[PDB]
Each structure stands twice: as structure tokens, then as C-alpha cells.
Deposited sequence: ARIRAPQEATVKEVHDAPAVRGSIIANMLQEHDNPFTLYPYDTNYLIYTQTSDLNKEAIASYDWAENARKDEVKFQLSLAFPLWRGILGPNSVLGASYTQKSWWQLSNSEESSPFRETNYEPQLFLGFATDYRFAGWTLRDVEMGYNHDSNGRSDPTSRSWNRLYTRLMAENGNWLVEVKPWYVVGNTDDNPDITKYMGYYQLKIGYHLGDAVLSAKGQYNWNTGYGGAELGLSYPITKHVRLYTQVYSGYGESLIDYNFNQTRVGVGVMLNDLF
């Protein structure tokens, strides 16, 4: 089985990243970037945030017994539920589809065991038009290794193609994302961050989850920093939220 291995599992729908629904409250709401929306001025700091993440095997065995041509779809949304006055609109959705090539490996080194090696294309959108449109594409490599109750993932990338809606996004995002998971009994502690040294901008996301049932977990999240979403890429905030989860990191 190997817990947390996206590619191994991938070799009923398949999860990719985590899936979850939480009720959040942000330290501040970026009214500036969404000022062109009629409702923008009466925007509240409490939103429902949720994420879906599916993985789809397209061609298993394309380069051997442990490889796969695959695709994923991760979608995050921030919803102004409590804002009944404006018709509880969606503030923002990020659509993040990937086309990739992944390997279920077993390369051991220093007690660690590298289990996923994945290389592909990444497109990340917010589906809006001008002037609220946000977008960037990336060639990345996702690398995951395990060690007992530890899981560590590193996903470096190279920004490719056009970035006109957010030229300087890479200034706030960085060139890689780092995940740390920890298995305290059935509780999963998780750390998700990215940071650009040359600029000093970045952001982190802490998390704690515990099962209620075989398919549902209690979950709490704390995001703090830049780039929580595309429309808030150049905007800092601390958001905290509580809700439910299907699958975590492992």
C-alpha cells in the first residue's frame, strides 16, 4: 500500500492532494484586488474554504511496471456564505490541472525511502476575466520520501509561458513547495510552505487532523503569509479554520 504515495496508490476515484471543507476567518480580506466586483465593498472576513483533489491514471505501464501517465485536478474555493446580503457569492476559485509522468520508486538513502518521482506540467487559474484574472503555468517535479512516521515532499518548478496578469507572482511564490507530514498515532500533523530567499516573501499552512470515522476526519488549518490564493498572491493574511477532511497526506 505505502501511505501517502500518490503514484503507488494510483497503480472508485483516486485522490491526489487532500480533500476537505472548513469554515474559516481571515485576519484581513483583500478588497483591493476584487474592487471591480459590485459586492466587494461589503466583503466579510469569514468564508468557507474547500479543496477537491482527484488523480486520474491514463496510461499505466507507459515506461515500465511502476510508471504512469496521469492527470490531476485540484480546486480550492473561498465562499462568502455568511454574506447573505450580497447573495453569498464565491470570492475566488483556483483551478489547478496537471499532466504528468510518475514513478513508484524504492530508492533508500540515509534511512529515508523515496516513493514518488513525478514530472509534469501545471496550469493554475482563477477563471476570472480582466481585471481580476490570475494565471501561471509551471514545469515541476514532485518528489516524496518517507521515514517511519515522517513524510517529506519537495516540488520544485520552472515558470513557463506567459504571466501578464501577475508578472511578479514568482516574487511572492518562490520556485518550490515543501510538505512535511507527521503521524502521531492516528493524528496527522502537516506543514506546507514556500519561501523566496532573494525577496523574503512566502507563506505557510499548518494542519492537524484526526479520524471520526473510517472516511471522515476532523481538521484544523492555519495559513499565514502571501499567496494563499492567486487573487491574494501579493497579499498577506493569517487565516484559521475548522471543519472535516476525507484524506490527509498519509
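Within the chain's deposited sequence, the coordinate-free stretches run 1-18, 30-36 in sequence order.
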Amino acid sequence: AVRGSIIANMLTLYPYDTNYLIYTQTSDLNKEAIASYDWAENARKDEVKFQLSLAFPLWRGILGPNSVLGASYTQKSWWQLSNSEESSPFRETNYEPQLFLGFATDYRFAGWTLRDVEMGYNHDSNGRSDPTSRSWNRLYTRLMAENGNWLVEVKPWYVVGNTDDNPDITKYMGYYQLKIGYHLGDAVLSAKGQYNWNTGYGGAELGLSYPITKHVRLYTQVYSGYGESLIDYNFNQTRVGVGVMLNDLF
From here on, numbers count along this sequence of modelled residues.
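The stretch 63-71 shows the higher mean C-alpha B-factor when 63-71 is compared against 46-54 in the entry. Per-stretch averaging of Cα B factors for 188-196 and 32-40 places 32-40 on top.
Note on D168, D116, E96, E86: the highest value goes to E86, judged by CA B factor as recorded.
Take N122, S125, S77, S82 and read off each C-alpha B-factor from the entry; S82 has the highest. Looking at the C-alpha B-factors along this chain, the one for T213 belongs to the highest third. The deposited CA B-factor of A145 belongs to the lowest third of values across its chain.
Among all modelled residues in this chain, the alpha-carbon of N137 has a temperature factor (C-alpha) in the lowest third. Split the chain's modelled residues into thirds by C-alpha temperature factor. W112 is in the highest one. Sort the chain's modelled residues by C-alpha temperature factor and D17 lands in the lowest third, per the entry.
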